[PDB]
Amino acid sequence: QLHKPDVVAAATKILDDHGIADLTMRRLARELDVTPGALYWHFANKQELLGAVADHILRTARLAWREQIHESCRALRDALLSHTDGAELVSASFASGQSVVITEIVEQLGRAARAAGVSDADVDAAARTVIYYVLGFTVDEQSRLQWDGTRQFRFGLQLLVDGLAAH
């Protein structure tokens, strides 16, 4: 059997050099000089592979409530921007539920929502609301940087902080 962390590292390197459309199982198998069946032992399909790559790329991504939101979002966006198509990949892993880390990130953001006076039945909805903005914002930005900044990002994020203040 292949050693997982090897595979996810080769996968991440394909993403950085060639982008997310080129991250396929056949291409991963060839760079690893391995039988494609050995890869499917670890990952059922591309969505499960993408989930581990996302956990890998967010491994460095995760005080005062208003401050704890601005900071966890800044660190999320900076990690998405350090890899080719990072925000798109992480957006798809969130949707598919295949990344533990993004849910760990969101669960954190909920807490900051409780604090701001957000009711307990609407906490994770508020968390997600923030994460949809960040993904939404950074997919757009990254697409445009790649077909050749944070001021706007902060400003958008300042709207959500206020809206959470009104509970």
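Residue numbers run from 1 along the displayed sequence.
Q: Gap size between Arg27 and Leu28, counting deposited residues with no coordinates: none, 1 to 3, 4 to 9, or 10 or more?
A: Missing in between: none.
Q: What is the count, as a class, of unmodelled deposited residues between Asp148 and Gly149: none, 1 to 3, 4 to 9, or 10 or more?
A: Per the deposited record, the segment joining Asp148 and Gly149 lacks coordinates for 10 or more residues.
Q: Look up the CA B-factors in the entry and say which stretch, 111-119 or 39-47, has the higher mean.
A: Stretch with the greater average CA B-factor: 111-119.
Q: Which is higher on mean Cα B factor in this entry, 93-101 or 79-87?
A: Higher mean C-alpha B-factor in the PDB entry: 93-101.
Q: Whose CA atom has the top B-factor in the entry, of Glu141, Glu31, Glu67, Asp55?
A: Highest CA B-factor of the listed options: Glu67.
Q: Just say lowest, middle or highest third for the CA B-factor of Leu135 relative to the other modelled residues in its chain.
A: According to the entry, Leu135 has a C-alpha B-factor in the chain's lowest third.
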